[PDB]
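The block underneath contains the structure these notes are about, expressed in structure tokens.
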Amino acid sequence: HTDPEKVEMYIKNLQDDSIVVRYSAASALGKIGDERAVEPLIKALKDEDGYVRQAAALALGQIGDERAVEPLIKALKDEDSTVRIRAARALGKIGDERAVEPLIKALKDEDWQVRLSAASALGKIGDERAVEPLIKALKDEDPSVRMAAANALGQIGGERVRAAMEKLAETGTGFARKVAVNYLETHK
Amino acid sequence: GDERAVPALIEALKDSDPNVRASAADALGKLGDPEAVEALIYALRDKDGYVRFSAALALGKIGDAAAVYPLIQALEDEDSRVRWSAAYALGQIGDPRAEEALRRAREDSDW
């Protein structure tokens, strides 16, 4: 169900002078989910204001249009950490494989919350290319990132994860060794 | 709803006055707006315990699962008040992963 008048009113509001009108319009269009707003939101992803970029990234993920896969891959390189978080989660929601290698790089971001969102997104995509980076992420300095990597590994599943857990159970230490030990006990 | 106030409230979470930061967290909590989850997750690592408490409560009212692991980590906070505000938030969010974490956090303290 939609309102074509409201959708076009919010599209025009993305070209407004006020940051606050621009931010509200990107927010509103995300909740609506109309694909008519994909091209204007892709341009709002490049906006001068950080909040407007954050709302545009969140909105594009909520719509789930594949046209947004490449602009969201670029948004993973944004100066604002919360834009990088939303770009990762938006890419996790869409599920496109093109985002796997850029998310793997995002698992090594300076910001802990971006690393948290990258681990989560790779788990939702389920691509086995993420198995080795996620095992490395089990050694992360931040405990939330470790938990999200351990959860993402369980979500991927399969023979490659089990084999990586087998090696970790013997060769590993601390939390990574415990994750591997609890995995083999719940997957045999 | 009214997103117009949300950017200045997120900025108010960076204020030098912890009372202003806790006030902003309370305001974002009443709104229940998912637009503030990232900012409030960062606010869970604030130097002030009164802010961490306020951010944890606000995250509970928003109900977005992105807060689940940071709130689980806030169960081992030095400030005992922050601990039950994090536990209250996890209860409100209603994600199954919190259950295992609560029973695990009991085991780590018992040893």
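Identifiers for the structure tokens are assigned positionally: chains receive A, B, ... in sequence, residues are indexed from 1 per chain, and ligands are indexed from 1 in the order shown.
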
If we count only C-alpha atoms, which residues of chain A reach to within 10 Å of chain B? Please list them as a PyMOL selection string. chain A and resi 18-28+50-52+54-55+58+81-83+85-86+89+112-114+116-117+120+142-148+151

Name the residues in contact with residue 62 of chain B at a cut-off of 7 Å, using only C-alpha atoms, excluding same-chain residues fewer than 2 positions from it; report them as a ChimeraX atom specification. /B:29,32-34,58-60,64

Can you tell me which residues surround residue 165 of chain A at a distance of at most 9 Å, considering only C-alpha atoms, apart from same-chain residues fewer than 6 positions away, and format the answer as number ranges by chain? A: 135, 176-177, 179-181, 183-184

One residue among B:26, B:99, B:17, B:108 is nearest to residue 55 of chain B when using only C-alpha atoms, and that residue is B:26

Exercise: residue 2 of chain A partners within 12 Å, only C-alpha atoms, chain neighbours under 4 positions left out, as a list in words: residues 6, 7, 8, 29, 31, 32, 33, 34, 35 and 36 of chain A

For residue 101 of chain A, work out the shell of residues within 9 Å, counting only C-alpha atoms and skipping chain neighbours fewer than 4 positions away, then give it as a CSV table (one decimal) with N, CA, C and O atoms, in the first residue's frame.
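See result34.csv below for the written result:
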```
chain,number,residue,atom,x,y,z
A,97,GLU,N,26.2,-10.7,-3.2
A,97,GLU,CA,27.6,-11.3,-3.1
A,97,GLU,C,28.7,-10.3,-3.4
A,97,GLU,O,29.8,-10.4,-2.9
A,105,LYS,N,36.9,-6.2,4.1
A,105,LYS,CA,37.8,-5.1,4.4
A,105,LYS,C,37.2,-4.3,5.6
A,105,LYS,O,38.0,-3.9,6.5
A,106,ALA,N,35.9,-4.1,5.6
A,106,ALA,CA,35.2,-3.4,6.7
A,106,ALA,C,35.3,-4.1,8.1
A,106,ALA,O,35.1,-3.4,9.1
A,129,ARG,N,33.5,-17.1,1.7
A,129,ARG,CA,34.7,-16.3,1.6
A,129,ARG,C,35.0,-15.5,2.9
A,129,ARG,O,36.1,-15.2,3.1
A,130,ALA,N,34.0,-15.3,3.7
A,130,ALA,CA,34.0,-14.6,5.0
A,130,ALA,C,34.5,-15.5,6.2
A,130,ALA,O,34.9,-14.9,7.2
```

Which residues are near residue 92 of chain A? Cut-off 8 Å, only C-alpha atoms, ignore same chain within fewer than 3 positions. Put them as a ChimeraX atom specification. /A:88-89,95-96,120-122,124-125

Test item: residues at most 10 Å from segment 39-41 of chain A, only C-alpha atoms, excluding those fewer than 5 positions along its chain, as a PyMOL selection string: chain A and resi 10-12+14-15+25-26+29-30+46-47+52-53+55-60+67-68+71
